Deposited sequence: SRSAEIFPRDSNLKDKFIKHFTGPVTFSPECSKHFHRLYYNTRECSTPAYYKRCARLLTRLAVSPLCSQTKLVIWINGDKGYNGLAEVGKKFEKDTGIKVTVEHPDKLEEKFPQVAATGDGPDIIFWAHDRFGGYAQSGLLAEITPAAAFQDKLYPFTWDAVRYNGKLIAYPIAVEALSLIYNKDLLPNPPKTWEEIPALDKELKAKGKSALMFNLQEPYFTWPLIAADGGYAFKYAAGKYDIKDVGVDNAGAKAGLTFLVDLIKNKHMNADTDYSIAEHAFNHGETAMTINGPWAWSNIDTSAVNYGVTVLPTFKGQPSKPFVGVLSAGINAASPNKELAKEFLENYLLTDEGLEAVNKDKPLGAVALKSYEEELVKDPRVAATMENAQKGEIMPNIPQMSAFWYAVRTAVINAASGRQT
């Protein structure tokens, strides 16, 4: 099954009947030239959906869903994961270089929608009843829905059970636990310091929290240069007892054979760690020629139990926004911890200046080194 745009036939029949060069035998060579150029042009290629998703999510699982959508409709589906896609998209979507569907945490999506780059989505009232209502409220900008909520991500504390059978309950006791582990050739805690998404849970429980984090670097309990790749390698080789990450990382820990748990983030000054909750969402490019087709792949293929499961087997989503699948998924204790850290945190805003917010928080952490 291969589906083409209806305009390709229209252009092709108009090219034959309406052309003087196709009417008389003297000009049949021009007629063939013109028919050949149209035949190879993009308009007469098979209709495709391009999807952008971050390279740490289950794009391989998402693509199997796309191959089923192609088995049922002939609309090819191409999933890509270009780097820094949340910054390539606004530079590229007005022209014809953007995807038909973009996946990102709901917070970048306000800047896009204010710039007119996302189409307003049209779910039925019945379809919306299948998702948790606080997730629709996150993908709403100026009273308009601008994306489909996929998953609810929050950071969790992840600990190696062989090195720390009981994870700490407070941040303030991590120095003491580090001194013990360092004697065993280990360390207590590594996590990505280069992304403010990861430090904010501690800053938000602002002056004293960033201080404690700085006093952790200064007392040699952590390294200022530790980024995502450095922390995951240390944890997945059992060189550190705790890390801070989200559900996407569970896949790589299963293969390393670390006996790991997932639990609430430790408290600071007696209060819960308040991390930023992002709703992973699918937005439809306002420059897409197949907006309606993108609505059907998302409402009828992805956002069903089977579709979310095919993504989740690749890289776990954590807690999904679809109620039917979250009542099952939440029996898993890892997802329960994620839902606990989401409860005790705050959902991030989707203002257009959010990007500048993040720049400020990133730069304040780095320069505090």
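Residues of the deposited sequence that lack C-alpha coordinates fall in the stretches 1-23, 229-252, 417-421.
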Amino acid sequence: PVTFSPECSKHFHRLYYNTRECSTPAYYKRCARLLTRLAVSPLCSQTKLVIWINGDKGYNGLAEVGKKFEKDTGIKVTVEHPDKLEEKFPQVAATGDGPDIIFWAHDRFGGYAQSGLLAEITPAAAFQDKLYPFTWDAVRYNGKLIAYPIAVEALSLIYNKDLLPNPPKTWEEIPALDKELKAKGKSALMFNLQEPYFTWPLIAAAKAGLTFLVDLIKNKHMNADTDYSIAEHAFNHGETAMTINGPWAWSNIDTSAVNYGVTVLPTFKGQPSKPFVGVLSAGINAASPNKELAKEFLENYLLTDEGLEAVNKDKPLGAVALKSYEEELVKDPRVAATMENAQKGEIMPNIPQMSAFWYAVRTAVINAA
From here on, numbers count along this sequence of modelled residues.
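For the pair 135-143 and 283-291, the record assigns the higher mean C-alpha temperature factor to 135-143. Looking at 229-237 and 215-223 together, the entry lists the larger mean B-factor for 215-223, computed on C-alpha atoms. Looking only at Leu118, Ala176, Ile244, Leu85, the residue with the top Cα B factor in the deposited structure is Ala176.
Looking only at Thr78, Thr263, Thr199, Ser256, the residue with the top Cα B factor in the deposited structure is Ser256. Among the modelled residues of its chain, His106 has a C-alpha B-factor that falls in the lowest third according to the deposited record. Ranked by Cα temperature factor within the chain, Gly185 sits in the highest third according to the deposited record. Per the PDB record, residue ranking by Cα B-factor puts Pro149 in the lowest third of the chain. Per-chain ranking of the deposited C-alpha B factor places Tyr16 in the highest third. Sort the chain's modelled residues by C-alpha temperature factor and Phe268 lands in the middle third, per the entry.
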